[PDB]
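Note sheet for the following structure.
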Amino acid sequence: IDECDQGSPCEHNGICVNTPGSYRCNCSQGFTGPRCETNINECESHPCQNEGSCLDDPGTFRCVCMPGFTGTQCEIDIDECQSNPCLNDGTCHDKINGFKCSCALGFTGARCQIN
Ligand SMILES: *[C@@H]1O[C@H](CO)[C@@H](O)[C@H](O[C@H]2OC[C@@H](O)[C@H](O)[C@H]2O)[C@H]1O
Ligand SMILES: *[C@@H]1O[C@H](CO)[C@@H](O)[C@H](O)[C@H]1NC(C)=O
Ligand SMILES: *[C@@H]1O[C@H](CO)[C@@H](O)[C@H](O)[C@H]1NC(C)=O
Ligand SMILES: *[C@@H]1O[C@H](CO)[C@@H](O)[C@H](O)[C@H]1O
Ligand SMILES: *[C@@H]1O[C@@H](C)[C@@H](O)[C@@H](O)[C@@H]1O
Ligand SMILES: [Ca+2]
Ligand SMILES: [Ca+2]
């Protein structure tokens, strides 16, 4: 009694393996259950942060981030001050999807561009 050779009961192209008196199914990525019938949806753990959208494939997820965020789970608040936008020795303060400049004395404008 091969049991597997009489016809595999595994779904989702899982591999039937004989066990003493029975069988087990070894599933491909993204599936589980005794016969590989359960789809694992990695978005069920709500991995995408900061109002990102979660997209599912077997074995994986992808987050689509709101502006201002990056990383696999949208967990990184991008530092928009990296590019030193505040001119004339201004001080850049990072914001969500933006920055604010505190301008030295004698300068003004969103980026301290005015004198
Ligand atoms: C970094 O400095 C450059 C100019 O040197 C600006 O182009 C960038 O401003 C952009 O991307 C992030 C947005 O939040 C900003 O409003 C936008 O200007 C600045 O990040
Ligand atoms: C999920 O499927 C894998 C792959 O076959 C299996 O090793 C594991 O035991 C399953 N998990 C549960 C909780 O059934
Ligand atoms: C971060 O987001 C930018 C787009 O804003 C993208 O180019 C980059 O690949 C992302 N990095 C990671 C680690 O998700
Ligand atoms: C559930 O959320 C965790 C992160 O917290 C992630 O690692 C899994 O991929 C996801 O299904
Ligand atoms: C998935 O992407 C995110 C960034 C938001 O725009 C959501 O409204 C969308 O459903
Ligand atoms: Ca899935
Ligand atoms: Ca930011």
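FYI, the numbering just counts along the sequence from 1. Just so it is clear, the values below take in all heavy atoms, side chains as well, and ignore hydrogens, waters and symmetry mates.
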**Message:** With side chain to side chain contact (heavy atoms under 4.5 Å, CB included) as the criterion, how do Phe69 and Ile76 come out once you've worked through the C-alpha distance, each side chain's angles and the decisive distance to 0.1 Å?
**Reply:** CA-CA 5 Å; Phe69 299 93; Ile76 298 167; over 6 Å; no
**Request:** Determine, step by step, whether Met66 and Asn50 satisfy the side chain to side chain contact (heavy atoms under 4.5 Å, CB included) criterion, reporting the C-alpha distance in whole Å, the side-chain angles of both residues, the deciding distance to 0.1 Å, and the verdict.
**Result:** CA-CA 7 Å; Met66 297 283 284; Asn50 293 304; 5.9 Å; no
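Surrounding CD1 of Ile114 are more than 12 heavy atoms belonging to other residues, nucleotides or ligands, all under 6.0 Å away. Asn26 CG: more than 12 foreign heavy atoms inside a 6.0 Å radius.
Listed by chain and number, the residues in a side chain to side chain contact (heavy atoms under 4.5 Å, CB included) with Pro34 are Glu37 (sequence neighbours excluded). For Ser83, the side chain to side chain contact (heavy atoms under 4.5 Å, CB included) partners two or more places apart in sequence, or in a different chain, are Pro85. Residues satisfying the side chain to side chain contact (heavy atoms under 4.5 Å, CB included) test with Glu75, not counting sequence neighbours, are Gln49, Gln73. For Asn13, the side-chain hydrogen bond (donor to acceptor under 3.5 Å, both in side chains) criterion is met by no residue, not counting sequence neighbours.
Rounded to the nearest 0.5 Å, atoms CG (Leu87) and CG (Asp89) are 10.5 Å apart. Here SG of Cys4 is found 9.5 Å from CD1 of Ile15. Values are rounded to the nearest 0.5 Å.
For the pair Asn39/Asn41, a side-chain contact is recorded, criterion being any heavy-atom separation below 4.5 Å from C-beta on.
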Indicate every side-chain donor-acceptor pair of residues 94-113 with a distance under 3.5 Å to a residue at least two apart or in another chain.
| residue | atom | partner | partner atom | Å |
| --- | --- | --- | --- | --- |
| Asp94 | OD1 | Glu80 | N | 3.0 |
| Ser102 | OG | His93 | NE2 | 3.1 |
| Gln113 | OE1 | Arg111 | N | 2.9 |

Residues 52-65 side chain polar contacts: donor-acceptor under 3.5 Å, at least two apart:
| residue | atom | partner | partner atom | Å |
| --- | --- | --- | --- | --- |
| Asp56 | OD1 | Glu42 | N | 3.1 |
| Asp56 | OD1 | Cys43 | N | 2.9 |

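Taken together, the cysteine pair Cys36 and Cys27 places its SG atoms within less than 2.5 Å of each other. With 2.5 angstrom as the limit on SG-SG distance, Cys25 and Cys10 come in below it. Sulfur atoms SG of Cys48 and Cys74 are positioned 2.5 Å or more apart.
Every pair passing ring pair (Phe, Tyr, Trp, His ring centres under 6.0 Å) that includes a residue from residues 27-53 is listed here, sequence neighbours excluded: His12-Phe31.
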